[PDB]
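# Close look at the chain arrangement
Listed here are the chains, written in short residue letters.
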Amino acid sequence: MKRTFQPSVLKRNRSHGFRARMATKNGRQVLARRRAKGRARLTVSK
Amino acid sequence: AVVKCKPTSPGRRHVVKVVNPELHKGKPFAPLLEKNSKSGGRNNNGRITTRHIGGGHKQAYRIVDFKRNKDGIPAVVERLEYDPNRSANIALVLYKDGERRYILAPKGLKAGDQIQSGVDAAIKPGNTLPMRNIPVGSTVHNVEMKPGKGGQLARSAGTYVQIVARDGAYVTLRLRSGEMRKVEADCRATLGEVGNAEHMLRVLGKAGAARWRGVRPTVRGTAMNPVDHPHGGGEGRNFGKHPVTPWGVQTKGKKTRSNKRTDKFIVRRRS
RNA sequence: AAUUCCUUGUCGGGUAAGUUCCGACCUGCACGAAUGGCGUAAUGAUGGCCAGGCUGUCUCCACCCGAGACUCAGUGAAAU
RNA sequence: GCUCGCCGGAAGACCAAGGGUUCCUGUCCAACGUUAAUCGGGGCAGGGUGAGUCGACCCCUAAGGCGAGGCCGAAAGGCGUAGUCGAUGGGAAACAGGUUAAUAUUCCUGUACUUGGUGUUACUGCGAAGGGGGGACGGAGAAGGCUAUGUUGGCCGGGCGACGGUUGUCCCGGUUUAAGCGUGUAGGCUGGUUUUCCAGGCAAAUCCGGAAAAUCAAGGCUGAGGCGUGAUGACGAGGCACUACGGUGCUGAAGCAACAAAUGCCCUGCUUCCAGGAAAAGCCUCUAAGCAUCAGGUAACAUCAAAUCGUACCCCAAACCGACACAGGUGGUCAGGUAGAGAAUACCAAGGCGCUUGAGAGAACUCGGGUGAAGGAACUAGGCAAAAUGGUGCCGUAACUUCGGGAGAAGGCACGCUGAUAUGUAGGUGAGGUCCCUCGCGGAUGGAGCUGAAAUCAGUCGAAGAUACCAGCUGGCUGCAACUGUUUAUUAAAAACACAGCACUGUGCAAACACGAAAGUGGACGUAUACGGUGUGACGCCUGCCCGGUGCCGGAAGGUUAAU
RNA sequence: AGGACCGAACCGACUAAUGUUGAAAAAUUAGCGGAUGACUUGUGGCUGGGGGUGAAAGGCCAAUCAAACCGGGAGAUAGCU
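Residues numbered from 1 in each chain as written, not as in the entry; some residues may be left out. Chains lettered and ligands numbered in written order. Part of a larger assembly, values for the part shown. Heavy atoms only, no water.

Chain B goes by 50S ribosomal protein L35 in the PDB entry, where it is assigned to Escherichia coli. The PDB lists this entry under the title "E. coli 70S-fMetVal-tRNAVal-tRNAfMet complex in classic pre-translocation state (pre1a)". UniProt's Subunit (literature references left out) comment on chain B is quoted here verbatim: "Part of the 50S ribosomal subunit. Forms a bridge to the 30S subunit in the 70S ribosome, contacting the 16S rRNA. Interacts weakly with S6 in one of the 3.5 A resolved structures. In pull-down experiments interacts with CedA." As recorded by UniProt, the Sequence similarities comment attached to chain B reads in full: "Belongs to the universal ribosomal protein uL2 family." (UniProt positions renumbered as here; feature names shortened; annotations may be inferred.)

In the annotation of the PDB entry, chain A is listed under the name 50S ribosomal protein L32 and assigned to Escherichia coli. For chain A, the Subunit comment in UniProt is given as "Part of the 50S ribosomal subunit." UniProt, in the comment section headed Sequence similarities, describes chain A in these words: "Belongs to the bacterial ribosomal protein bL34 family."

So, in structure tokens, the structure goes:
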């Protein structure tokens, strides 16, 4: 049937994309916490 | 005139609308037109500001003049059209060198007559002069009571202003609201009445007829959830306590005027 | 009676019979004019009661067709 | 290889999102596809993604986001005027032939054109971040002129036949043709032509917005189709060349108008309507600035140049997503023949697939479909479920009613085929001649011709002719609810909710009111025929008393009385 | 002309049946129905935690919700287990 998440790299890159996160205090802090946990990707749209 | 629909299908018999066989039509004059945009009560600063608003079909704003600044030049009425922003309808005027303006409709529903403004102007509709000229006991139309706000009062369908008394530099005006006010006699007036006057006779007949104008259904405070209005859901047909605003405050019969700066101009107060 | 215990009140009508249906009544333990009152048609994802056609809902099922129950080979579980 | 079957508005064709080496040949078979596997979107290699014109970019910008100078805030953050992103909108540039194992509006061929420069030829005022016209916007209906689409005949090529018929009693298939460029016709809008004038369009204006004199009404703008030209090039059944009946080329018949026209055009039309329905730039035009045999503006041309993104493949699905090659979810464009009102529906067309477990069997029972005698709603809480009715021309119709409705009430006739009605009526379309002129894609008057419903009656035939698919159960009493609507994803759907209209209350507008720790915005660029608060519930007839309590108003003289 | 009668595309929940360790995170088969509207829809936005959204069920708010989800105070507290 239908899913609550449908595949879209346009809206993923708009909410969770690297520059989109960096352009906000809290998203830039999510990225700072990615670097604290050591996550190998900082974007999953590119 | 007003006309009533035939029972072609259910409920339609109730529909009554204002119709005028002399009322013109065309395209709006673009230099006095703006799209104006919907406001929807949804708020630039936070939560909603207004209630009972949502949707409604596209509309624009036709820019009407209440400043009447071009003095000593004759202007002619070119056409009178249906107006989407005020129930009085609005006329198109052409000045003697090529300028076009939108004006509040004078009475007569007719175009082709020429109008002027000054300290002395012809007795005919649309001509403007100061109230110090006239012997009182008549209709003054839209009045420049405060120069820094333009022509005030009587802007809706069939609205009128009566000039009651005079002495020296001042005159008194009585309004269909129940309020009566005092102004300087030098204040500009156009004299006579507003046209249409049938707008209050309209019967929508249909539950969708305000929906296309953006009017949202009204849900009762005593029916919606107890945290979402201070009254709260039943407890069927038992309202409980004294009526209040959605903001929890008593309102019925409690006067809210706090202005204090114009009360000296009000010579008889609305009851 | 969307308000009524004993109550299927009490009477009339429909019925082989009818706590249901239709119509009255007053003695509403407690309806009542905007916390509205009363009535009217098409109409209602509305509810109750009857008549006719049509019919496997039922007397009562009886036999078919396409797919599972079986079996053998291939690949071979889960809860416990 | 031969043969069979199913789907055929899909079980087909094209486009997109989203994914990502999936494409093709060349091999490999451990693991994968819950198998066999020699197959493969699997393993592992090798090859493949050719663009001035296609989708993006250009240039403008809606909703919205950001946001200077400025403001609000410890601050994260935010308001708002310029500015800047951003279309789902508005704005320059290619068609259809056949080629490769795999590519292509990307190649090669033919033909076309926009942008920019330079050269050729005639005419020439070009021009703001400003002024005018446009761009440019709703809902629906109805005239005119058509086109994809399709058959008959013409025309071409093929055939004439295993049992009988079939050389005029036909069968089979074709008859293809673009982008563009003229011609500028139908439809649409609109009066030409010279003269002069200007307290508006922020200055100027030759443009609009207006005025004045004269001459004359068909001058001008816009735009389907046809026709010609592009095009004797491409295509073509069918021939033929050669090594290779091995593929890879060459050649090539006929190539038309008669009628019906699609969901497509003229159409951003015309007409009508109340809910009165984006902006800007390119474009055209006005002038300022500036400028000169320039530059720019127009018609016709030759010749040179044309950055960058994207490009392999799949797709109502094994390449997206649903953990899976999962009975599921999913945007845009297309829908022929025969039948039929038809997009319903079947055989079919072009096209596709025959499955990522197979073999078999067959019992009580499980699931759906098929058959139904005599009885029939007895069953059941309930005709639920199921079956019957079912098409539309002509007939014939109650109560009640807001006169519209109820109503397709109820109750009836007819239906194939042929003949006779109308040897084919209605509906749509229509030559020449008469005609009016201006010449001419003439215009307009008309009715020889063309196409063509639905219907009737007789006679004969069947169980049955609305023959299949497709396709209304009928009548009556009655609580309650105006009607169309709203009501929670997978047990709680209506009488509850909303609505047309009714009342009370606050509001004179820098309203009252609200959100915003605000900057600000909404109220509303609405103004008392207008807005905020709360209840009522269309429509017709309608509205008793009580101000002690708890709220509110009028009075502020008196009392009570605080911080002070 | 139409908050009009039937009805494709389009939409969609009411009855019945199948499914229910499924193909399945809600489908399937048949029917009745919504289809110019108080409608529906392609594409991109905007509305947030006592806040949103609701012709208003405390329904919906990415399966969760008389108060979502994650991470922290938090190894809080339990005369009890």
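### Here's the deal with the overall build of chain B
Counting its regular elements, chain B contains zero helices and 17 strands. Taken over the C-alpha atoms alone, chain B extends approximately 70 × 50 × 40 Å along its principal axes. A total of 271 residues make up chain B; the buried ones form 27% of that total. For chain B, the accessible surface area stands at approximately 19200 Å², while carbon and sulfur atoms represent 50% of it. Chain B carries 53 positive and 21 negative side-chain charges, and their two centres are separated by 11 Å. (Helix = DSSP H or I, 4+ residues; strand = E, 2+ residues; numbered from the N terminus. Buried < 20%, exposed > 50% of the residue type's maximum accessible area, 1.4 Å probe, protein only. Areas by Shrake-Rupley, 256 points an atom, 1.4 Å probe, with all protein chains shown as cover. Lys, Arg positive; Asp, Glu negative; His and termini not counted. Charge placed at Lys NZ, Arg CZ, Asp CG, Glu CD.)

### Looking at the layout of surface pockets
All names here are of chain B. Of the volumes computed, that of the largest pocket is approximately 1500 Å³. Considering the residues around the largest pocket, the lining is formed by 49 residues, among which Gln59, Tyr82, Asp83, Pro84 and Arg213 are closest to the centre. Among the elements that make up the lining of the largest pocket, the one with the highest residue count is strand 2 (residues 16-18) (three residues). Residue composition of the lining of the largest pocket, by class: 20 nonpolar, 19 polar and 10 charged. (1 Å grid on protein atoms, 1.4 Å probe; cavity = no way out; pocket = protein on both sides within 12 Å on 5 of 7 lines; lining within 4 Å. Points joined across faces, edges and corners; volume = space filled by probe spheres on them. Nonpolar A, V, L, I, M, F, W, Y, C, P; charged D, E, K, R; others polar.)

### Quick look at a nonpolar patch on the surface
Taken together, the side chains of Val2, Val18, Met200 and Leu201 of chain B make up a nonpolar region of the molecular surface, amounting to roughly 340 Å² of accessible area. Structurally, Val18 of chain B can be placed in strand 2. (Patch = residues over 30% accessible without salt bridge, like charges linked within 9 Å, V, L, I, M, F, W, Y side chains within 5 Å. Salt bridge = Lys/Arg side-chain N within 4 Å of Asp/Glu carboxyl O.)

### Re the nonpolar core
All names here are of chain B. Within the largest apolar cluster, 19 residues are counted, with the highest numbers of intra-cluster contacts made by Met131, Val140, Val143, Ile163, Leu173 and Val183. Within the residue set of this core, elements represented by two or more residues are strand 11 (143-146), strand 13 (161-167) and strand 14 (170-175). Among all residues touching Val140, those that are not within four sequence positions of it are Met131, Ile134, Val161, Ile163, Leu173, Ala189, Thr190, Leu191 and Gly192. (Core = buried A, V, L, I, M, F, W, Y, C linked by side-chain atoms within 4.5 Å. Contact = heavy atoms within 4.5 Å.)

### Brief notes about the protein's contact with RNA strand E
Taken together, 22 residues surround RNA strand E, and among them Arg3 of chain A together with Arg47, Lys206, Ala207 and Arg216 of chain B come closest. In RNA strand E, atoms within 4 Å of the protein come from the sugar-phosphate backbone in 47% of cases. Residue composition of the surface near RNA strand E, by class: eight nonpolar, five polar and nine charged. (Near = heavy atom within 4 Å.)

### Some details on the protein's contact with RNA strand D
In the region of RNA strand D, 98 residues are neighbours, and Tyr61, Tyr82, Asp97, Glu179 and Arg257 of chain B sit closest. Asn44 of chain B is positioned with one of its side-chain polar atoms (N or O) 2.8 Å from a phosphate oxygen of RNA strand D. Contact between RNA strand D and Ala157 of chain B: a base nitrogen at 3.0 Å from a main-chain N or O atom of the residue. Elements with a minimum of two residues in the surface near RNA strand D: helix 1 (9-15) of chain A together with strand 4 (61-62) of chain B. Its residues placed into classes, the surface near RNA strand D shows 29 nonpolar, 37 polar and 32 charged. (Polar contact = N/O pair within 3.5 Å; in protein donor to acceptor, adjacent residues only side chain to side chain.)

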